[PDB]
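*Asks:* Just need the structure, nothing else, for what follows:
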Amino acid sequence: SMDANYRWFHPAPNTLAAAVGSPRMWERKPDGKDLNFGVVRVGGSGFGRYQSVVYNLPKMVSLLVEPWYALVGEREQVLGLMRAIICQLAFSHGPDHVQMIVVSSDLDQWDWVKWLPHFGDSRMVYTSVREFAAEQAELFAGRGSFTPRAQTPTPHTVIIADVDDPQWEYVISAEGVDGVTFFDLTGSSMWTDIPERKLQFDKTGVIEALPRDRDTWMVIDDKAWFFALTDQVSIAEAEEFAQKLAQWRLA
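*Replies:* Numbers count the residues shown, from 1 in each chain. Shown next is the protein structure:
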């Protein structure tokens, strides 16, 4: 019963700090049996005047079915959703299964990720696409095009593209990069031209997207419909989760 036990797999992201160190942390497995591997909660099903009468179920995206997602909206709500996605993944998946990278011309917003092992380089926070491409050359060398979803190859890489830079094209083509999912925050045309990858916000925090099948993640309509009332994690909530995970790692 996935809807009955949804709080064990996809809870509200501000509950994750208190749950750090529980047996649900880093429990996801790329074994072909865990259908939540590579899945991340983005929000809830209730919205507007219907919030009080709709049984709220989590809404999610799979990292394995698209080479990227493009978050289109106002700066703060786009950052809030990205922080919720990062916190969800850092809690549910171990850094041996999911690694993370941020490429941003706004470093002040990403200082909190210094506590997460997922961003540790064997810190994967870069200020330009050129610096990122030099540091991550070994990641991209020999990698083919993205193949949408047996055992999943690991680590999967989640990259936050937060810099409007024409050099993005020379790193991520239309075919995508195998084992990587980008999340664009800029709203530039190269990311937003594919409709099945767009998450369009409205001022209330509701996102619309092409609906997908609940079991296969396959797109089921070519027009955008309600997708989720997004989860929003503030800098303080994200830093609280990140520091709590860091203290668990030191203990």
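*Asks:* ok, the spatially closest residue to residue 154 that is not a sequence neighbour - how many residues close by?
*Replies:* Leaving out its chain neighbours, the residue that sits closest to residue 154 by Cβ to Cβ, 6 or more residues apart in numbering is residue 97, at 4.9 Å. No exception for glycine: its C-beta is placed from N, CA and C like everyone else's. Neighbours of residue 97 under the rule other Cβ atoms under 10 Å: 19.
*Asks:* Going forward, the N-terminal residue is numbered 651.
*Replies:* Got it, the first residue is 651 from now on, which makes the last one we talked about residue 747.
*Asks:* which secondary structure elements does the helix or strand harbouring residue 889 contact?
*Replies:* Assigned by DSSP states H and E, residue 889 falls within helix 885-900. The contact analysis (3 or more Cβ pairs under 8 Å, 6 or more residues apart in numbering; DSSP states H and E) places helix 885-900 against helix 725-742.
*Asks:* Does residue 698 touch residue 855 like I think?
*Replies:* No. Taking contacts as Cβ atoms under 8 Å, residue 698 lies outside contact range of residue 855: 10.7 Å.
*Asks:* Look at these two and report which has more neighbours.
*Replies:* Ranked by neighbour count (other Cβ under 10 Å), residue 698 and residue 855 place residue 855 first, with 19 against 11.
*Asks:* Spatially, and excluding backbone neighbours, which residue is closest to the more buried one.
*Replies:* Of all residues not flanking residue 855 in the chain, residue 880 sits nearest, at 5.0 Å (Cβ to Cβ, 6+ apart).
*Asks:* I'd like to know how many residues surround the nearest residue to residue 834 once chain neighbours are set aside.
*Replies:* Ranked by Cβ to Cβ, 6+ apart and with sequence neighbours excluded, the top spatial neighbour of residue 834 is residue 841, at 3.7 Å. Residue 841 has 22 neighbours, counted by other Cβ under 10 Å.
*Asks:* now do residue 688
*Replies:* Using other Cβ under 10 Å, residue 688 has 25 other residues around it.
*Asks:* how much space is there between residue 691 and residue 711?
*Replies:* Using Cβ to Cβ, to the nearest Å, residue 691 is found at 9 Å from residue 711.
*Asks:* Check residue 771 too.
*Replies:* Residue 771 is 26 Å from residue 711, by Cβ to Cβ.
*Asks:* How about residue 663?
*Replies:* Using Cβ to Cβ, we find residue 663 at a distance of 14 Å from residue 711.
*Asks:* repeat for residue 820
*Replies:* Counting by Cβ to Cβ, the gap from residue 820 to residue 711 is 26 Å.
*Asks:* Over to residue 889?
*Replies:* 24 Å.
*Asks:* Quick check on those two: which one has the bigger neighbour count.
*Replies:* Higher neighbour count among residue 889 and residue 711: residue 711, with 24 against 18, using other Cβ under 10 Å.
*Asks:* The helix or strand encompassing that one pairs with which strands?
*Replies:* Element membership for residue 711 (DSSP H and E) is strand 708-712. Using DSSP bridges, the strands paired with strand 708-712 in its sheet are strand 689-694 (antiparallel).
*Asks:* those helices in the chain, which residues are they?
*Replies:* 656-659, 725-742, 779-785, 787-790, 839-842, 885-900 (DSSP state H).
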